[PDB]
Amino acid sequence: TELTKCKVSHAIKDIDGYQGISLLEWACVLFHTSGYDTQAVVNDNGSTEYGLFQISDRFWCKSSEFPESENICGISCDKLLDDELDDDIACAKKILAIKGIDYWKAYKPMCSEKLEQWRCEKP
């Protein structure tokens, strides 16, 4: 489900500020990470990244093809492909606390500057 800056911004409120990242930065990171698509699925190196946040099945969620994974977030990866962002957010929160914002590789190169353009301009 292709969301929009503002939709993302409103569904993502609870994560604002956590580990010091604002909603401007998340909007920017999320656009470059999954084009705001909650059903985004991408391969990398023998692993898959799921949903809006592109959480990896390598260590964070359980995928049927990786029952070995640490599943640090304790959730089935498929739960990151629906349109309920609560669990995606809680998992993103764990990643932030443990590995940090650098898990999202688009952050440094694409979201280090010019953040005002990422604000949602709709009430």
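One-based numbering along the sequence shown. Rigid core here is just the name for the largest C-alpha set that superposes within 1.5 Å across the two forms.
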{"property": "Between 88-96 and 62-70, the one whose CA atoms sit farther away in 8 other deposited structures of this protein (rigid core aligned)", "result": "62-70"}
{"property": "Entry-level comparison of average CA B-factors, 78-86 and 61-69, reporting the higher stretch", "result": "61-69"}
{"property": "45-53 versus 29-37 - which carries the larger mean C-alpha B factor in the record", "result": "45-53"}
{"property": "Chain-relative CA temperature factor third for residue 105", "result": "lowest"}
